[PDB]
Student: 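Just dropping this structure here.
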Amino acid sequence: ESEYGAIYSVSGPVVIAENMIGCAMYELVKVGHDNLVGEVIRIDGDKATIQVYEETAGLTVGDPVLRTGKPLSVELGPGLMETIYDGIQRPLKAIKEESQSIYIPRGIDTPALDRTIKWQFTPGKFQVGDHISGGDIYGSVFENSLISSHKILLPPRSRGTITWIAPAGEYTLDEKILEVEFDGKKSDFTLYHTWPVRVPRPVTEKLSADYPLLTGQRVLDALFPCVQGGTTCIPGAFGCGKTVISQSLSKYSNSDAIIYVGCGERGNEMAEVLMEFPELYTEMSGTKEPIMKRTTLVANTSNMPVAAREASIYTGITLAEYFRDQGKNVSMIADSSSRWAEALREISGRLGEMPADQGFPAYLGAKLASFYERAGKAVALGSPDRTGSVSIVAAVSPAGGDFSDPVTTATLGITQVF
Amino acid sequence: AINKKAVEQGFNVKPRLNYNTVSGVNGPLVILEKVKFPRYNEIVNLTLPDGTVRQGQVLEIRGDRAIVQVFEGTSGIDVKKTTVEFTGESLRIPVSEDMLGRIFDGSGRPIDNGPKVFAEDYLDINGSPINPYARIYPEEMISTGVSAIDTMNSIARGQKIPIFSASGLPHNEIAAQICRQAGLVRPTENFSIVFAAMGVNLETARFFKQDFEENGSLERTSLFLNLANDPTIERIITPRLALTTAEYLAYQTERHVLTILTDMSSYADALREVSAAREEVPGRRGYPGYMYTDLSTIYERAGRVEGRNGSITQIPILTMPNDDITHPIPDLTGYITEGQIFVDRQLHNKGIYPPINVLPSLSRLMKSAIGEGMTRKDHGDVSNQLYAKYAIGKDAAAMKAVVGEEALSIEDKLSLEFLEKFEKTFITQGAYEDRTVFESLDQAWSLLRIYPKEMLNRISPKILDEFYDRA
Amino acid sequence: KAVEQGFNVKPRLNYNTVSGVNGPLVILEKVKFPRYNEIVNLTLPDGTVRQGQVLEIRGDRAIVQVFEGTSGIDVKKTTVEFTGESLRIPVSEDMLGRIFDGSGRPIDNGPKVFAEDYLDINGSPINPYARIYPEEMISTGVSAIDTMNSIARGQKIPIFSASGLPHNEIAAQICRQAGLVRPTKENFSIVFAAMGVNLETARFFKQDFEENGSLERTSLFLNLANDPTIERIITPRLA
Amino acid sequence: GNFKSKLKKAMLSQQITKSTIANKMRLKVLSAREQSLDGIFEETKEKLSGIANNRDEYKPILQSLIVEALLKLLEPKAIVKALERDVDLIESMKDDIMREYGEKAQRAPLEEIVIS
Amino acid sequence: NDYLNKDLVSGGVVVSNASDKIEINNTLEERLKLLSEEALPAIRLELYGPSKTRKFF
Ligand SMILES: Nc1ncnc2c1ncn2[C@@H]1O[C@H](COP(=O)(O)OP(=O)(O)O)[C@@H](O)[C@H]1O
Ligand SMILES: [Mg+2]
């Protein structure tokens, strides 16, 4: 009850809720009787403006709004590869079995990672009584033949001495795997942890990227090469090949993992990825194995809730960063970032904010620059020492095919490959 | 079985609140005050002083205030005596298999002089986004009969591919031809046609009705007719009443639906009108900034789904203002849709029919629908080579415009010959001529035989051995 | 001395009367004698402290721009303490050879600055009568500048560039080769502020200062593209 | 050309090592100065604790602090959080605090003081 | 005192707020008019039974 405000206004994706004293900016809330996920983006006395990541049709004035007290976060652990999510880290396959429908039910709460699967956990170099800091690899699970050792990292910003560590065996995600005491208070850690999507995951050191990202395209490899840990943009009109370049890079690049974000783009593009990747094989591990085994998809189709587009992007990069923390070279494909900018523009319009160039919010360029700064080659936070990289490859969809678009102008200012 | 018994809870009476509390009328929009628990996307019935009932959609709710867009207009509505009844639901359409062979207003009211649709269900016209995991990638090629489409812009069943045209071009004839001759390249029956008309002139409606009636497909066609003189805002729901019908026929009745959405440009005009009433920050050339998402909610209602043997193939028809493909309507449509058939005014003036310019055209699902086991193994190479040679011929014609014919190379003259023969033989087809994709790929090789085999650099050497000399 | 007035304790009012948060701005409602341009410290529910600048005052209402962003701020448990001064930076000649945030916090793992003074970051416009007209040419080494666009010591001349263009290399070359055409009888000290730059841009500048031995003469104020945006409004004034 | 570039890189490595050693020495001096200052402040903290533990010498200071805070607030009614050691000492001086605030603020005496 | 039209109303009430600007026409005729439209799919199922061509819902 104390955490329950009431809907006051609803307009498109934007819901203003009243009696919301105690809500924090960019805090996650559950709007309505279906518990639609949303984030607070404005506080005005007791009234909080919320961007809802689901369809708001049918929301009534007076409906309950729960304050979760947490930001938007992703669950990180075994069970991310071969999975397709929806933008707020919901498994679309699961949604399909539970809902038993061809649509995505409104406000459906399903765990990000499968709590039924049992993972073959094997401990690490750390033993009871040792000191463990954030990012330390204290175990490893066998996720699939391609990700043969999914390393269990202590969550960042966690410390203490290992009071208890589980033995080798099969554990579900909810089973306790570690227990660490810091100041007499003992913290229980499992095979997975949550991380906010709007705070980049820490690294020990960001390194200079010097190894090529071999996309398999002669023109890109030869004339305009990208490096592992680099940032690229692909501006073009419709029918130019932004989605085919992205998918070719996903299929054939030398990256150990792929995070493909279908941000505000065709559902059919996600259907063909799901159909084709299981039939394409890679030799990075030394044996033929489907590339789907080392790819994750984050799909927010163009007709899915617009406000979720941003979430999807922030989800994708976070997942990418997570895998970079394991010493892998990840490429995260944002197809398209112009759709995320358009979602921000729509939310800004519903908010009555002063428009910047071409109607976009004045904070768009800063958001893009911050998002692209999350790419790079880095030394993981904990021990043992391991180096990873995140390469962001972003398709830009300039309005009318004109590279004077504000999104293209900001991205070309940010990225290193054009 | 007893699945349909879930229809229960339809036996329930829900009294409705009547509000004599209109506060203002601003164009398409009417403001209601003192509303009790307003519901965001609700549908309301405004009874006017003269007794006629219009419908409106709650666009915004704020405390006790509700903003309603009235589809049939706000002329004749007055702050003083108009009443508004709140139904407590979103706009729904009554759906049954009996909608086929019926003609409805742009708002869904039958205009056959027939009965109301005896509903088998009430479906929310906004529908829901299909789960991307639940989709099937379209790979079954539909033979449209047109060689400009079937050889080079191969349409797959379940594809959403508009026709980009202009005011005077024969896009209606091309769409009617496709509806008349469409069918699988490898069949294993007929398409059910759902036709939505937004702001079309009476001539277009008469033409399409006559063409469906002659072809015998009216018995399985459902028409939603909003005319050029019908309410403008109503056009915002006409494509959703149609698609909601298609989704019912395709995904719940296992039919294969071909959806024609004529003049999406008038839909965009109505969207711009509503945006202007809303006092919104207009987008490029005045259209709303959210027009991309609004169009996506229409175009993305197509394709195939797992475990269901129906499909929806959309063919929106889209008039380009000033023939400009960079206009927001065609530009956004091309970013949302899986290809475009480009009807060209320059080809139309030159007497060619169908005046389809293949260079600005695309079929994003052709790369998967064509090939060895699906069409013939020459198809993808023969289309790529045709595109390359057609572009070279256009360049050579432009060059000839300056330096004259005498200065052209041998390859440029071969490309000019190819250009004329390609446009006046392969592109040109009868308004009632249907060509098999194997007949069109035999016409393509004859054009490609104008050139030495060593100039066909885009056709793989194994395909050029098997099919170049063939004869 | 003047520094002797620093031996004074001035308690601060801690308000806890935040009434709105929209973007960079926090509105605080029941201030007692709000002061224009004053710096305030917002303690968040999490406990982290951020800094803000009073952009406007009206009776008991104050509008504060938070340099580090307003994420995580709520109206209930967020407190705001009013310092009573504007934004002052500590300044010693030991700043040379050091690296700081866009807010002036050391990031070289060294200690805070042992101030010789706290100088308002807004400075004061120089008396136009006290100004000298610059006439000492600086050999930048670059013929396109020295021979056709010759820079005088004391001149303000930016580099109008665009993206994908080598404006960082040109500026580094200028800093590397700059000197008087006719020396008076010493190397420039360098103050480098970076606003919203990449990590590799900052790394390039820092390592090129390493290579030429000019880093001991350099104070860097690095606000990178992953740092708060509003903090860029103070970075160039602190530098 | 490659040889010349690599020799230049070696020279730059040498120079950078020299510069880094110098920078670490400078930071060592600065950190020693900072630690000296921190020791001074730690001794001051210990002395302040000692003075606060002397009740007779601590009472005037506590009254002055309370009156100063009240003069900054200028509220008719106030609350005072204090160490549980001082609650009894503060209770015996509420009237003095009220009168002193009234005179020093040239305003009517403080209406009410709660002790949290 | 504005009694309902007996030719059109067989029972029930029309309730309204004090100012008379918000009404609920809870009459038997109005309730039946509603049921005739929200209950149409159920009536069709009761009368003509399940449809043959519909496989999903
Ligand atoms: N590299 C390529 N090789 C072959 N065909 C391509 C290539 N890129 C694009 N195409 C063709 O053009 C179509 C349009 O490309 P697409 O990736 O959808 O572009 P965009 O994302 O810019 O709209 C593809 O579906 C395919 O038929
Ligand atoms: Mg794309």
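Every chain is numbered from 1 and lettered A, B, ... according to where its sequence line falls, protein lines coming before strand lines. Side-chain atoms are counted along with the backbone in the values below, which use heavy atoms only and exclude waters and symmetry mates.
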Student: Side chain, backbone, both or neither: which part of A/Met304 has a heavy atom under 4.5 Å from chain B?
Tutor: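 Both backbone and side chain of A/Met304 come within 4.5 Å of chain B.
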Student: Looking at chain A, which one of B/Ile325, B/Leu295, B/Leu365, B/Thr293 has the largest number of heavy-atom pairs inside 4.5 Å, strictly under?
Tutor: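 If we count pairs closer than 4.5 Å to chain A, B/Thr293 comes out on top.
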Student: Tell me, for A/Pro398 versus chain B, whether the close heavy atoms (under 4.5 Å) come from the side chain, the backbone, both or neither.
Tutor: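 Backbone plus side chain of A/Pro398, per the 4.5 Å heavy-atom cut-off to chain B.
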Student: Select one option (side chain, backbone, both, neither) describing which atoms of B/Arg65 are under 4.5 Å from chain A's heavy atoms.
Tutor: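 The answer is neither part of B/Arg65.
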Student: Below 4.5 Å from any heavy atom of chain B, which atoms of A/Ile104 appear? Answer side chain, backbone, both or neither.
Tutor: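 The answer is both parts of A/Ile104.
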Student: Side chain, backbone, both or neither: which part of A/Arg309 has a non-hydrogen atom closer than 4.5 Å to chain B?
Tutor: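 Only the side chain of A/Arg309 comes within 4.5 Å of chain B.
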Student: Can you tell which part of A/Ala399 gets under 4.5 Å to a heavy atom of chain B, answering side chain, backbone, both or neither?
Tutor: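 For A/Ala399, backbone and side chain are both near chain B.
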Student: Can you say whether B/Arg308 sits under 4.5 Å from chain A via the side chain, the backbone, both, or neither, judging by heavy atoms?
Tutor: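 Only the side chain of B/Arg308 comes within 4.5 Å of chain A.
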Student: For chain A, which of B/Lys36, B/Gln159, B/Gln340, B/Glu89 has the most heavy-atom pairs under 4.5 Å?
Tutor: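 Top count of heavy-atom pairs under 4.5 Å with chain A: B/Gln340.
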Student: Got A/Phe277 and A/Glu82 here, is their nearest side-chain heavy-atom distance under 4.5 Å?
Tutor: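 No, side chains not in contact.
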Student: Pick from B/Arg135, B/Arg364, B/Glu42: which one has the most heavy-atom pairs with chain A under 4.5 Å?
Tutor: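 Max contact count across the listed options: B/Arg364.
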Student: Quick one: what part of A/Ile102 sits under 4.5 Å from any heavy atom of chain B, side chain, backbone, both or neither?
Tutor: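 For A/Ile102, the contact with chain B is made by backbone and side chain together.
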Student: Atom CG in B/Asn131, atom CD in B/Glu306: separation rounded to 0.5 Å?
Tutor: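 Nearest 0.5 Å value for the CG-CD distance: 8.5 Å.
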Student: Which atoms of B/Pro288 are under 4.5 Å from chain A, going by heavy atoms: the side chain, the backbone, both sets, or neither?
Tutor: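 Neither part.
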Student: Return the option, out of B/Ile136, B/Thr326, B/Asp331, B/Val35, with the maximum number of heavy-atom pairs under 4.5 Å with chain A.
Tutor: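 Of the candidates given, the most pairs with chain A belong to B/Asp331.
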Student: Quick check for you: among B/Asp124, B/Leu362, B/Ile130, which has the greatest number of heavy-atom pairs under 4.5 Å with chain A?
Tutor: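 Top option by heavy-atom pairs under 4.5 Å: B/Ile130.
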Student: Any heavy-atom pair between the side chains of A/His33 and A/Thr60 that's under 4.5 Å?
Tutor: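 With C-beta onward as the side chain, the pair stays apart.
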Student: Please classify the contact between B/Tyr251 and chain A as side chain, backbone, both or neither, with a heavy-atom cut-off of under 4.5 Å.
Tutor: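 For B/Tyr251, the contact with chain A is made by the side chain alone.
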Student: Quick check on the interface: out of A/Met270, A/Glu272, A/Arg266, A/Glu346, who has the most heavy-atom pairs with chain B under 4.5 Å?
Tutor: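 Option with the greatest count: A/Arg266.
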Student: Report which part of A/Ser397 has an atom under 4.5 Å of a heavy atom belonging to chain B: side chain, backbone, both, or neither.
Tutor: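 Both backbone and side chain.
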Student: Can you name the closest pair of heavy atoms from A/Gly32 and A/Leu59 and give their distance?
Tutor: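 Taking every non-hydrogen atom into account, CA-CD2, 3.9 Å.
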Student: Would you mind checking which part of A/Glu342 comes under 4.5 Å of any heavy atom in chain B, side chain (CB onward), backbone (N, CA, C, O), both or neither?
Tutor: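 The side chain, not the backbone.
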Student: Kindly indicate whether the side chain of B/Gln57, heavy atoms from C-beta on, has any atom under 4.5 Å from the side chain of B/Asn41.
Tutor: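 Yes. Closest side-chain heavy atoms under 4.5 Å.
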Student: Would you kindly say whether B/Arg301 and B/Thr244 are connected by a side-chain donor-acceptor distance under 3.5 Å?
Tutor: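 On atom types as modelled, these side chains qualify, holding a pair under 3.5 Å.
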Student: Would you call B/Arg240 and B/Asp294 a salt bridge, taking side-chain N to carboxylate O under 4.0 Å as the test?
Tutor: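 Looking at B/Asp294 together with B/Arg240, the answer is yes, because their closest N to O distance falls below 4.0 Å.
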Student: Can a donor-acceptor pair be found between the side chains of A/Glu353 and A/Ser348 at a distance below 3.5 Å?
Tutor: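 Distance-only check passes for A/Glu353 and A/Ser348.
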Student: Quick one about B/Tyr290 and B/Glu280 (side-chain donor to acceptor, distance below 3.5 Å, no hydrogens or angles considered), yes or no?
Tutor: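 Yes, B/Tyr290 and B/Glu280 have a side-chain donor paired with an acceptor closer than 3.5 Å.
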Student: Under 4.5 Å from any heavy atom of chain A, what part of B/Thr337 do you find: side chain, backbone, both or neither?
Tutor: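 Backbone only.
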Student: Among A/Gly12, A/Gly359, A/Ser336, single out the residue with the greatest number of heavy-atom pairs under 4.5 Å to chain B.
Tutor: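 When all of A/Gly12, A/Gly359, A/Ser336 are compared, A/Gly12 has the most.
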Student: Under 4.5 Å from any heavy atom of chain B, what part of A/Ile7 do you find: side chain, backbone, both or neither?
Tutor: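 Neither part, no heavy atoms under 4.5 Å.
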Student: Are the ring centres of B/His327 and B/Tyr287 closer than 6.0 Å?
Tutor: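 When the ring centroids of B/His327 and B/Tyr287 are compared, they turn out to be within the sub-6.0 Å range.
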Student: Are the side chains of A/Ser11 and B/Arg278 in touch, meaning some heavy atoms are under 4.5 Å apart?
Tutor: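 Yes; the side chains approach each other to less than 4.5 Å.
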Student: Answer yes if the side chains of A/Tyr85 and A/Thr296 hold a donor-acceptor pair under 3.5 Å, and no otherwise.
Tutor: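 Their side chains do not contain a donor-acceptor pair, so the 3.5 Å distance test is not met.
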Student: What part of A/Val10 gets within 4.5 angstrom of chain B, counting heavy atoms only: side chain, backbone, both, or neither?
Tutor: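 Both the backbone and the side chain of A/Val10 come within 4.5 Å of chain B.
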Student: Report the option among B/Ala66, B/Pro138, B/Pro328 that has the most heavy-atom pairs separated by less than 4.5 Å from atoms of chain A.
Tutor: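 Between B/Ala66, B/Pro138, B/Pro328, the count favours B/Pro138.
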Student: Give, as side chain, backbone, both or neither, the part of B/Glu139 having an atom under 4.5 angstrom from any heavy atom of chain A.
Tutor: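 It is the side chain, since no backbone atom gets that close.
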Student: Inspect the contact between B/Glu338 and B/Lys160 and indicate whether a charged nitrogen and a carboxylate oxygen are less than 4.0 angstrom apart.
Tutor: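 Salt bridge present between B/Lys160 and B/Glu338.
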Student: Side chain to side chain donor-acceptor pair (under 3.5 Å), that's the test. Do B/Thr333 and B/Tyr299 meet it? Break it down for me.
Tutor: CA-CA 8 Å; B/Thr333 298; B/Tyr299 298 148; 3.1 Å; yes
